[PDB]
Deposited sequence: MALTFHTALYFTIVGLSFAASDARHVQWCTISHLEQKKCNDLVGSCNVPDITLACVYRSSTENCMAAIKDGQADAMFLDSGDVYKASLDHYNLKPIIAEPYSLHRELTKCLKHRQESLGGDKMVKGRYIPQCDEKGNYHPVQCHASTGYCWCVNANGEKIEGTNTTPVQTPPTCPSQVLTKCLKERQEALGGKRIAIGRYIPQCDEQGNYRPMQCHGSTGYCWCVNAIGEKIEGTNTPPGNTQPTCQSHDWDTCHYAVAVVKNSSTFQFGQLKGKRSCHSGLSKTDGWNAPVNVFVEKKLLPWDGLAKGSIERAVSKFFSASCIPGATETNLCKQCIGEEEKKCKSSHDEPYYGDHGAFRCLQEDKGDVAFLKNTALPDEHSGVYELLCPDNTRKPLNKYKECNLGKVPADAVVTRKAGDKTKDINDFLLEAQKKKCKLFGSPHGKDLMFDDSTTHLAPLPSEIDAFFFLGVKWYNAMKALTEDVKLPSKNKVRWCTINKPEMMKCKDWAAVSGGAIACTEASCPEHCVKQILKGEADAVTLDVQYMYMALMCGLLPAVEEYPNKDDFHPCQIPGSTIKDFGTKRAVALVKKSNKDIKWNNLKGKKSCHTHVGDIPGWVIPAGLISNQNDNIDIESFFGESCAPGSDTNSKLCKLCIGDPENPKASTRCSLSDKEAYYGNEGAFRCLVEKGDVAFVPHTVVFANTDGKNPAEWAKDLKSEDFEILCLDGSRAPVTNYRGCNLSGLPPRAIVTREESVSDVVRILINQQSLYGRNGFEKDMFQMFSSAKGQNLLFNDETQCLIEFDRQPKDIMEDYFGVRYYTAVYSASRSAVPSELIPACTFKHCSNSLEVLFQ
């Protein structure tokens, strides 16, 4: 296996070549491929000439576009603010669950708020081992009859671990040994035990620039509890000059480079906001030209304007290249340009500032003051996104790149410094590189605010009208019905196309669409990504009053209620003893007949297979050999149609599960409507025949029973309605436009002869479900949106009332946190 790294300079190629020799990762060989600039490397990776390079966030954005089609895959983790530990969050979530779901696992946290390595489930007496994230180590469960397992100790904190490594297992004399606090985080002030120097670090141990102090001098105050580890764009100046930020016009400037976010996007955004630059849209020429009029002479590697390359010092064709062969390229090159007095101000980020407190440099704040180097958090041009290793979108080398860097970091190879110079291959300030979420792209990595801000400098971005709802459609018939809606809507409705509901959620997140109707099984993912219900489908045929007068009180929303249905004859069966019994399920994947029962059973029995929990059962979709297909009859006109997802199975579906109950089962998992639909001689067939409703009851979660009529107070869970989701800031617009459309084209629409929202000749259930009575505004309560939309019962039964389930690999990408401003 091979990884070919693209380098942009002779200096970087030298360092990459040293790593080929010095860094021995078994099974993966590194090789180095030289190109003369950042853009030529981007093209080499797109073309397969190389596999990976490290890019500034501004180039991550440029590389994501169709010319190159690259994506970020590895980056340094960062933190925005201190958070609850994972164990304490899990305890709070599970204590907030539905108390009628009895016997749930509540985690056990220790005096630092971490998981005890041994976790136990009170109601079942089972114990198991966990990792630092509280996830079960599979195959360590022990039953109550045995003593609790022996579980390895928890991994030490960053500080205690680096203290252990520094000590090397026998004092490390003459070397820095980190000093940790009681919680095992880094003390704010650190001192070198041999040189006498002291400096400040944040809570995860990163040095604060501008704080390094030789012995005998006064130390700057170190801030405690600093968990803001985003990097900051800053403007650095010498204390021998005296201009302020608003007098930059006509000065000389050094920039890390034309495409870098700290050397271009951040300062330029501020120039534009302050109107120091006469420029707003692409009608006034390019940004680069306007900047060319502002400064008298600059070094901005990668620029074309002549005065913006005037102060660079690269020899011959190397001059002004996005490459270390231009000595003023990058953060440290821009600082060198100030230091050598080719510029009056350098634009870079806090991680390239001097570590020493004392000296001739300080920061130029945009509020027209100057502040010391260590005050960049209050004197800056914005937080900037993380930088990242990128590769082709297809990801054919992602695993090899990840494996190599994880192994090289484990072995402590010299990835992050070099004799040959600074910031070669990676930023010298980097300490660890970790894999990003597998579905991350530039949009989710940079975040919507920085992504749009960098788009804004390249094109005028016409913002879509808040008076138009772009509806996302998932198949061609839906598209065609939405084109008919658009034609009658007077421009209120437009249409977009995607292949599946998850891709619609992506389009709405990225501003390509505005709304989509989602089944229940997608709402957890939509709500985690930050969309909100705007309106919901009301399905109750018996009461039209909430549809007639909007806003009025809904007596019964009318969704299905999952129940456990048993015969009045069998009077021993209660909820708490279904184990081993024979059960009938509509089919695997059905929410009321499977997801809700499987959910409650795993919550109360340590995630035991619902296949193993019951005795013999019928649940179409299971494997024909398993005990879940034994009751499954098949087709009476024998063909093999057994345990199949069709009507060719006698026991399939809502009626079929009810069949299996009366014929040969103790319990059936079904919506509450099925019993009334097949009793009181409502079904003609011979098995139904008579079968009085009062011959059955439903099981309550508290061990009691009730007649099949009290499903509102004695069910497993009610389902929430389907919802129309949108972005939070668009909810009020979408509600207004849809309610208006509904007064025209709903079931009592004033213009319902011109168009019907809730039916179509083109297909069934297009855009909305065909039995929808109307759409009702979602009344947002002051509570967690999970609990608000699902209801506490469903949230607990299906998701353990947790925000940590991952039913879709999009969730880790769309919840990735960003380094944005306000």
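J.: Taking the deposited sequence as numbered from 1, list the residue ranges that were left without C-alpha coordinates.
T.: The deposited sequence has unmodelled segments at 1-23, 194, 664-665, 849-854.
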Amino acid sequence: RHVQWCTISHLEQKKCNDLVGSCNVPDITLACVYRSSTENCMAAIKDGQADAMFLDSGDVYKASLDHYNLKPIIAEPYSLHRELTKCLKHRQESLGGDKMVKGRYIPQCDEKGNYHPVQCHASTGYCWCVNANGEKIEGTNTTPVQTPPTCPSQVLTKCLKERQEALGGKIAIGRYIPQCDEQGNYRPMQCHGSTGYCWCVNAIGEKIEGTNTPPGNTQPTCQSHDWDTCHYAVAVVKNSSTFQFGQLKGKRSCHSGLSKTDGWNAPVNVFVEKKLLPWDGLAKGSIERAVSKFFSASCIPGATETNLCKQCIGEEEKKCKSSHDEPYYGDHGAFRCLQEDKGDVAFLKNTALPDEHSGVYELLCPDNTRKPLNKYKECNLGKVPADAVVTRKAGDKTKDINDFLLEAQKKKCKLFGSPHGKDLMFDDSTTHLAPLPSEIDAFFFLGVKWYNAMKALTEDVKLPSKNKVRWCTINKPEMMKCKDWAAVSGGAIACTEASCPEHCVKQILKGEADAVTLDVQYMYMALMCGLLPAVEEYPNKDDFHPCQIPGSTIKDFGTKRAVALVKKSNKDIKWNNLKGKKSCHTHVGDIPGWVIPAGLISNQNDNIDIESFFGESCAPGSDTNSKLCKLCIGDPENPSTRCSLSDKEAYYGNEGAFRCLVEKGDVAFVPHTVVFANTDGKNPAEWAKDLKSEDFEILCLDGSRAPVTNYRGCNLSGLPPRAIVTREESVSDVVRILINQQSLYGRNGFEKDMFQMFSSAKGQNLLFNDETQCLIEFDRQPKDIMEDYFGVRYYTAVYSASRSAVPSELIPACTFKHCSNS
From here on, numbers count along this sequence of modelled residues.
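Superpose the two forms; the largest set of C-alphas matching within 1.5 Å is the rigid core.
J.: Report the stretch with the higher root mean square CA deviation, pooled over structures and residues in 4 other deposited structures of this protein, choosing between 686-694 and 308-316 after a rigid core fit.
T.: Higher root mean square deviation of C-alphas in 4 other deposited structures of this protein is shown by 686-694.
J.: Output the stretch having the higher mean C-alpha B factor in the entry; the candidates are 518-526 and 713-721.
T.: That would be 713-721.
J.: Averaging only over Cα atoms, indicate whether 660-668 or 593-601 has the higher B-factor in the PDB entry.
T.: Higher mean C-alpha B-factor: 660-668.
J.: Which listed residue, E751, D387, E502, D572, has the largest C-alpha temperature factor in the record?
T.: It is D572.
J.: Highest CA temperature factor in the entry: which of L282, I493, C337, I74?
T.: Of the options given, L282 has the highest CA B-factor in the PDB entry.
J.: Classify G314 as lowest, middle or highest third according to the C-alpha B-factor given in the PDB entry, relative to its own chain.
T.: According to the entry, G314 has a C-alpha B-factor in the chain's highest third.
J.: Lowest, middle or highest third: which one holds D543 when the chain's residues are ordered by CA B-factor from the entry?
T.: Answer is highest: the recorded C-alpha B-factor places it there.
J.: Select lowest, middle or highest to describe the third in which the CA B-factor of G791 falls within its chain in this entry.
T.: Answer is middle: the recorded C-alpha B-factor places it there.
J.: What third of the chain, by the recorded C-alpha B-factor, contains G447?
T.: It falls in the bottom third of the chain.
J.: Please rank the C-alpha B-factors of the chain's modelled residues and tell me whether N769 sits in the lowest, middle or highest third.
T.: It falls in the middle third of the chain.
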